[PDB]
């Protein structure tokens, strides 16, 4: 079989819906983070998530060298955080974390305490596939947030959820 055109793969996926997260890290290689929707739960023992991130991202090599990361699922009111971490405004990495709502829990990675969900993690496995590194991380702590109406991304813009 021949694979579909890269153009067709991306266009088709624009019609899917995803949550929006920020993946962040800190440690001796410095502070970095980026907006990521290619994230999912893998297994619950040991508890493990994965995230796929373009090796061309400035955050990629810093995350992999720090060895720890957080995954922060954003709430519907947090689209400006998603924009910041996607490179809009070109905010310097460190500056992205200036707001007091970013703290640490266990690893030293920045955790967004009012995200719908925030997992603090250590990297367990990295598999490089095409342009991206698929990073498997084990979850060592989490936040305890009240508001969790989701920020969603769909056909190239933000959305949230509705009943039905």
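Positions refer to the first chain, counted from 1.
As stated in the PDB record, which stretch has the larger average Cα B-factor, 7 to 15 or 145 to 153? Stretch with the greater average CA B-factor: 145 to 153.
Averaging the C-alpha B factors as listed in the entry, name the stretch that ends up higher: 93 to 101 or 34 to 42. Going by the record's values, the stretch with the higher mean is 93 to 101.
Whose CA atom has the top B-factor in the entry, of 127, 116, 49, 68? Answer for 127, 116, 49, 68: 116, with the highest C-alpha B-factor.
Taking the chain's C-alpha temperature factors as the reference, tell me which third residue 106 falls into: lowest, middle or highest. Its C-alpha B-factor belongs to the highest third of this chain's values.
For residue 55, does the deposited CA B-factor place it in the lowest, middle or highest third of the chain? For residue 55, the deposited C-alpha B-factor lands in the middle third.
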